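This document opens with one chain alone, in C-alpha cells, the form deposited in one PDB entry.
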C-alpha cells in the first residue's frame, strides 16, 4: 500500500510576431511540459505529444526527451490535447490534458501562463515507484 505524487507544469508563452504585413501569422507561441525546479520528470516521462490544430504541418509533435516543448507561429488560439506518456509497464500508461493555448489579442502584453498538475499513482510497481521517486516524487501511507 502506497501513493506516489509527482508534479507537472504545463504552460505557454505568446507574443505578437514582427514580420512583413503579408505573412498571415500574427503570433509566436511556445507550449511546454516541465517539472518543478530540481525535479527531473524524464525519469518517469517516456514522451510528450502535443496535438496542434489540424491546419499545422505535422500537427502530432512528439518530444521524447526534454525540453518537452513546441515553438510555433499562428493566427489564433486553440485547444491542444497534450499527452504525457509514462515509463510504466502497467496502467495508467499516460495522461491527456486539454490545454487552453490562447494568444494575447488587441495589443495586450505577452501571455506567460503556468498550469500546475499533481499526478497521484496508487500502488505503482517497484520499478515505476523508483522512477517517480527518482524524478522527485513524494510517497504517502
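Positions refer to the first chain, counted from 1. Here, rigid core means the biggest group of C-alpha atoms that superpose within 1.5 Å across both forms.
J.: Is the mean CA B factor in the deposited entry higher across 19-27 or across 116-124?
T.: Mean C-alpha B-factor is greater for 19-27.
J.: For the CA B factor values reported in this entry, which option in 33, 39, 101, 49 has the top one?
T.: Each of 33, 39, 101, 49 was compared by C-alpha B-factor; the highest is 39.
J.: Classify residue 97 as lowest, middle or highest third according to the C-alpha B-factor given in the PDB entry, relative to its own chain.
T.: Ranked within chain, residue 97 CA B lands in the middle tercile.
J.: Taking the values exactly as deposited, rank residue 54 by C-alpha B-factor within its chain and report the matching third: lowest, middle or highest.
T.: Highest third.
J.: Split into thirds by Cα B-factor across the chain's modelled residues, where does residue 66 land: lowest, middle or highest?
T.: For residue 66, whose C-alpha B-factor we compare with every modelled residue in the chain, the answer is the lowest third.
J.: Check where residue 85 lands among this chain's C-alpha B-factors and tell me if it's the lowest, middle or highest third.
T.: Answer is lowest: the recorded C-alpha B-factor places it there.
J.: Lowest, middle or highest third of the chain for the C-alpha temperature factor of residue 74?
T.: Middle third of the chain for residue 74's C-alpha B-factor.
The following text describes the form deposited in another entry, which does not appear among the structures shown.
J.: Give the option from 39, 30, 49, 105 whose C-alpha shifts by 2 Å or more between the shown form and the other one; the alignment is on the rigid core.
T.: Among the listed residues, the one whose C-alpha moves by 2 Å or more is 105.
J.: Using a rigid core superposition, assess whether residue 19 undergoes a CA shift of 2 Å or more between the shown form and the other one.
T.: For residue 19, whose C-alpha is compared between the shown form and the other one after core superposition, the shift is 2 Å or more.
J.: Which is it in the other entry for the CA atoms of residue 53 and residue 109, closer or farther than here, knowing they shift by 3 Å or more?
T.: The answer is farther, because the C-alphas of residue 53 and residue 109 separate from each other in the other entry by 3 Å or more.
J.: What happens to the Cα distance from residue 21 to residue 73 in the other entry: does it get closer or farther than here, with a change of 3 angstroms or more?
T.: Those two alpha carbons end up closer in the other entry.
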